[PDB]
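First residue of the sequence shown: 1025, per full-length UniProt numbering; consecutive thereafter. What follows is a single structure, written as structure tokens, with notes after it.
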Amino acid sequence: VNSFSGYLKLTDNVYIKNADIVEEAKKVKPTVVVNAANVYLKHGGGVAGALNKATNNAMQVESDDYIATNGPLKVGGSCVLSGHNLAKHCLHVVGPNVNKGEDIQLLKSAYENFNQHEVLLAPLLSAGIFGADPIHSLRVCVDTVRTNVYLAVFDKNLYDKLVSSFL
Ligand SMILES: CC[C@@H](CNc1ncnc2[nH]cnc12)NC(=O)CCC1CCCCC1
């Protein structure tokens, strides 16, 4: 038993809700919140900008030190950093950005990072400003992640569409 509420159960291990991940994170305090990161951990907009804003820019400060030490992530890769006031940990995961020409097949590799964590609150990778089809992203999620994932979908219209078209 865990503390997530009002989720719809999609599969054995995937759940979905219409929620603001920032507000869900601050209420739940999950062990892991996933950020829709880029390779530079520049959290300027989308989910990343919203999560970073909710940390009062502490996420960005920590991220800049991470990059200065380690260099950029790989597309499809991840790193674990602090969750600040939102979660114990933040798993920064880089899905391919279609608006940058990156290969969509890397979306499966991105979701594989979730399997290193027993339970996660997450957005749909490569959705939103990353330019992928969120329905596709949901299919890859369901077919790749084996751990328990609670998907927060900000847009109510999108949430209805994803549920109604789910196979
Ligand atoms: C689907 C991925 C999410 C990722 N962004 C966030 N996801 C969760 N919580 C957040 N808080 C702040 N941002 C987010 N994007 C959207 O919902 C934008 C609207 C749709 C509608 C048109 C087609 C794609 C974009």
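Backbone N, C-alpha and C define an ideal beta-carbon position, used for all residues, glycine too.
Where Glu1126 and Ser1029 are concerned, what is the direct C-alpha to C-alpha distance, given to the nearest angstrom? Whole-angstrom Cα-Cα distance: 35 Å.
Extent of the continuous alpha helix (DSSP H) to which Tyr1090 belongs: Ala1082 to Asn1094
Contact test: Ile1128 Cβ vs ligand 2 heavy atom, cutoff 6 Å: Within the structure as shown, ligand 2 is missing, the only ligands being ligand 1.
Here's the rule: buried if 16 or more other CB atoms are within 10 angstroms of the residue's CB, otherwise exposed. What is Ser1189? The residue is exposed, with fewer than 16 neighbouring Cβ atoms inside 10 Å.
Report yes if the CB atom of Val1099 is closer than 7 Å to the CB atom of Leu1130, and no otherwise. Contact flag set, yes.
Complete runs of the alpha helix (DSSP H) confined to the region 1158-1188 [at least 4 residues]: 1158-1168 and 1180-1188
Any heavy atom of ligand 1 inside 6 Å of the beta-carbon of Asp1157? no
Which of helix, strand or coil does DSSP assign to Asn1121? Secondary structure of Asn1121 (DSSP, three-state): coil.
One question on the structure: do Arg1170 and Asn1139 come within less than 7 Å of each other, judged by their Cβ atoms? yes
Suppose the cutoff is 7 Å on Cβ atoms and the five residues either side in sequence are ignored; what does the same chain contact list for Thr1168 look like? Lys1132, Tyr1135 and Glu1136
Would the beta-carbon of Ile1040 be found less than 6 Å away from any heavy atom of ligand 1? no
Since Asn1042 and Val1177 should fall inside the 8 Å C-beta cutoff, what is the C-beta to C-beta distance between them, to a whole number of angstroms? 6 Å
Confirm the yes/no value for this check: CB of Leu1162, any heavy atom of ligand 1, distance under 6 Å. no
Quick one: is the Cβ of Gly1030 within less than 6 Å of any heavy atom of ligand 1? no
Relative to the alpha-carbon of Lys1180, which residue among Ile1045, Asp1036 and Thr1055 has its alpha-carbon at the smallest distance? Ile1045
Do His1113 and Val1038 have their C-beta atoms closer together than 7 Å? no
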